[PDB]
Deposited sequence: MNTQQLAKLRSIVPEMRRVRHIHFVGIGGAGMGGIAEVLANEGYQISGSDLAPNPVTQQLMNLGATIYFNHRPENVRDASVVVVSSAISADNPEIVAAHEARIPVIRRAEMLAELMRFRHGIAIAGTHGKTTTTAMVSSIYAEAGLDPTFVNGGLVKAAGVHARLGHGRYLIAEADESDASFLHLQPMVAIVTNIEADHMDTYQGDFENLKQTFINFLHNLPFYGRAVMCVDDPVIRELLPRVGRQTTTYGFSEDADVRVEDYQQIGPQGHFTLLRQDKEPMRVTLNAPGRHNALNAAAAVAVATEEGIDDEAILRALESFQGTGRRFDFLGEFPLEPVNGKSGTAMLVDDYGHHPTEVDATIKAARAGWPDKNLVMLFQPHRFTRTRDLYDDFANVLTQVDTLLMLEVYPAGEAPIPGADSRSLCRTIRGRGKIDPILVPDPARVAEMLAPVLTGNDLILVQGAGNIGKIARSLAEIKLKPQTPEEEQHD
C-alpha cells in the first residue's frame, strides 16, 4: 500500500520495532510467499532464497523483494530476522550464517502469529478442506466490506493471490497441523473441519497425539473464543467435551447448531438449506460442487453469523465464490477432434487432493452434477511415505472411476519403498504411465465422446495439468 494508506494502517496495526528487513529461506515453499507478500505491502524490506523459481517468486519480485536462486551465507546479510520453511534443514548455509551473525531465526508459523498479534485472527484448521474454507471465509468478509488480510495455502481465484493485506482488523488464515506449527497461532475464532490420519510422521503413528494437538490448538483461544467444528466427523463429535471453549457445531447431523439439509448438486453448484439458531432457514446457492463444500460453506457461515455479518453479504459471496487454485479447478471443455478424431467434448478438472478422502470427494462431486459422463483420472500419488500406510484405502477409492491413468509416485525426497510403487497399485482395469513428456498420447486411445478428465494429486502433476490445457489436448 502507498505511504498515506500505510500511515493509516499504522494507527491501528503497529510495526515490529527495529524490524527493517525480513529474509525467507525457501520463499517459494508452502505458505511462505503469502506471508512475504503481506509483509512487502506493509512496507518491510523483503528478501528470499529458493532453488526453484515459480509464479510466487515472480509475484514477490514485482512487489520489490530481492530473490536469490541459491543458498549462500551472503543471502542473509543485513536481515533483521530469518524465516525458514519446514523443508529447510538445520545445515543450510543461510541458517548457519544467521546464527553466526546472531540474527533471530524463526519458523513460518511464528511469523504468521506475529501478523495475528494486533489483528482479529480467524484460524482455519483441519485435515482436509482448509484452503477452500479459508477462501470462503475471506470471500464473505470481503463482501461484507470488512477488507480482511488473508493468508491461504492456495491461490484465491477472485484475488489472483495466495495472500493479501487489507485495511481491516481481520486476519483469515489457513492453520497447518502437518508439523504441529499452528500451535503458535493465537486466534479469536478457530475452525476445525475434520481430523484424520495424515502427516503421522510428526505424531509418531499415534492418532491420539493428533487429537490432543488439535485440542491444545483450540486451547489457544481466549476464554471467550469460539471453536467452529464439524460434528459429522465422529472424532470431532467425541472430542467436543474436551473443548474448554464455546463451540458451534455444523454438519448434516440433526443436533448440529448449524445444520445442512435439502442438499442437491446441479452441475458445478450446490443448493442447500442452513438452519441457524434464532434465524429463518437460509436457502444457499453455492458456487462449488459436492456436499463436502456444503460443509465448508456452513463453517464459513457459522463464523460470519457469529461476527454479525449481514445475510445478503453471506449469500452474495457464496453464490459467486470463485474457488482456489487446483481445488476442483475447471480448466476448460475441449472438442474431441484434433485429438482422437471423434465428436463431442472432453472436460479438464484439476485437483490438489492427495489423500483418499479428498480423492473420494472429487469423484463424488464429478458423478453428481455430471452423471452421464466418462470419468477419466490422471493420478500422481504423493510420497512412498504415504502410499504404504494407506495402501488399502487408495485402491478401494480409486476404483470408483470409469477409466484411470497413473503416474509414478512423486518423491519429494523419501527413498522409494518397494511395493509402495505405482506399478504395485495399478493391478490391485488400471493403466500406468512412465513417460511424463507424452501424456496426451497416453490419454488419446481412452477418450469417448462425453468425458470428464480429472487430474489428481499434489506433486508436479499440476505442471502437467496446465500443459494439457495449453495444448487443448493436441498430442503433438
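- Residues of the deposited sequence with no modelled C-alpha atom fall in the ranges 429 to 435, 484 to 491.
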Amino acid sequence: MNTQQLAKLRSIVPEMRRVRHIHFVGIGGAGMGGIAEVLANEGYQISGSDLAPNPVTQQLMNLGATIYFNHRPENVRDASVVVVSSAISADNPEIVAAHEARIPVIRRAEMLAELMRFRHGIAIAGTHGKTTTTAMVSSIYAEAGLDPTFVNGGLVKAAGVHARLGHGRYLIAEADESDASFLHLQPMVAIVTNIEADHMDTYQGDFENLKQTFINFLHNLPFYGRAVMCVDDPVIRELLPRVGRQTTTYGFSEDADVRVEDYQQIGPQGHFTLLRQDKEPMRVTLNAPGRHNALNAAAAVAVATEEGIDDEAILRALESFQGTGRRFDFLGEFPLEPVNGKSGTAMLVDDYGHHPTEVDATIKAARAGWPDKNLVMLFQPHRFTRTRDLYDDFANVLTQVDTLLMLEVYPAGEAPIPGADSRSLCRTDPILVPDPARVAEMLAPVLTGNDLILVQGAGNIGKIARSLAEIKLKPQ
From here on, numbers count along this sequence of modelled residues.
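- In this entry, 175 to 183 shows the higher mean Cα temperature factor of the pair 116 to 124 and 175 to 183.
- When the two stretches 461 to 469 and 11 to 19 are set side by side, the higher mean Cα temperature factor goes to 461 to 469.
- Per the deposited coordinates, the residue with the largest Cα temperature factor out of 426, 39, 30, 61 is 426.
- Which of 35, 67, 52, 417 has the largest Cα B-factor in the deposited entry comes down to 417.
- Sort the chain's modelled residues by C-alpha temperature factor and residue 287 lands in the middle third, per the entry.
- Residue 73: CA B factor in the middle third of modelled residues in this chain (values from the PDB entry).
- In the PDB entry, a CA B factor belonging to the highest third of its chain's modelled residues is recorded for residue 446.
- Among the modelled residues of the chain, residue 110 sits in the lowest third by CA temperature factor in this PDB entry.
- For residue 350, the recorded CA temperature factor ranks within the highest third of the chain's modelled residues.
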